[PDB]
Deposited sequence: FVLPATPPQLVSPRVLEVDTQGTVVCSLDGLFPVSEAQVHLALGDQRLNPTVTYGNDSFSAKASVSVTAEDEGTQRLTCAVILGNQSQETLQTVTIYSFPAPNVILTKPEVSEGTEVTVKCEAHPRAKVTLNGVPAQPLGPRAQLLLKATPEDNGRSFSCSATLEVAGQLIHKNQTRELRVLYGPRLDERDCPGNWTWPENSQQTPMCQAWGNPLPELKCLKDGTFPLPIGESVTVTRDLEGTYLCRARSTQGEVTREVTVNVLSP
């Protein structure tokens, strides 16, 4: 056999978090018979199970490693290639750290338009973010970002959380006009839109059953004429508006 006196190439992250998985790769060439060599990979007191891949008088051993709280601190990663009574070994360090997630603390996750909202992180003066919730905030996300120093390397970790804002049903004269005057047989598009979260259910009825074709283009007919009661209700309340359609002679 032939096992040159040089350490195997060892690739691994110099840093690894608790309860996460890592990947080590050891390789070496110029040895023979590679198929008979024993590859010893291990981090600390944990012996790894590598997947050895052979090549032109060479090999590459890949292995995954999982760490826990007990392994916290500096651990030793080793790769040893053995043939006969000779062995080539490489020593490296891997630091296991614990970085608690910076949780986003929302006073109240779901709130109604107008309420005061406070945002703080929890994992020198204490800072919080205050803002008066607006409807434009429904679905928006607040974040808590943090950094940690481990082995001269800067690790980043964050957390985002969405805020649900609720805004009562609304029917401004602007987005749902109180009256219409259309010439019989003209083309129009009845306009009446409710506003709110949750999205309010809208119904514009005349004589309690005849609906106004809102949002769509229609041909004005005699039977559109009348008074409609547009109701927009949701768990946040209910708003009623009366709409009058006049249908002039063509």
Checklist outcome for this item: Per the record, deposited positions without any C-alpha are 124-139
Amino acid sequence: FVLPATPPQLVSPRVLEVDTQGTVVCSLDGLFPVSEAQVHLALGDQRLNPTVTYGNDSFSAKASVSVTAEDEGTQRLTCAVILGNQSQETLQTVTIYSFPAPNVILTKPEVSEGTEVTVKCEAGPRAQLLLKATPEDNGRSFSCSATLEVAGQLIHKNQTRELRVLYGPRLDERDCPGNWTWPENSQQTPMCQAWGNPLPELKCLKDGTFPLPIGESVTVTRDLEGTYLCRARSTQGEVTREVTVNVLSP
From here on, numbers count along this sequence of modelled residues.
Checklist outcome for this item: Per the PDB entry, mean CA B-factor is higher for 112-120 or 175-183, namely for 112-120
Checklist entry - On average, which has the higher Cα B-factor in the deposited entry, 237-245 or 5-13? => result 237-245
Next on the checklist: Given 64, 51, 209, 217, identify the residue with the highest C-alpha B factor in the PDB entry.
Outcome noted: 209
Checklist entry - Whose C-alpha has the highest temperature factor in the PDB entry: 135, 125, 100, 84? => result 125
Checklist outcome for this item: By the entry's values, the third containing the CA B factor of residue 46 is the highest
Checklist outcome for this item: For residue 28, the third of its chain by CA B-factor is the middle
Checklist entry - Considering only modelled residues of the same chain, in which third does the CA B-factor of residue 188 rank: lowest, middle or highest? => result lowest
Item to check | Third of the chain, ranked by Cα B-factor, where residue 18 sits | outcome: highest
Item to check | Cα B factor band for residue 199 (lowest, middle or highest third within the chain) | outcome: middle
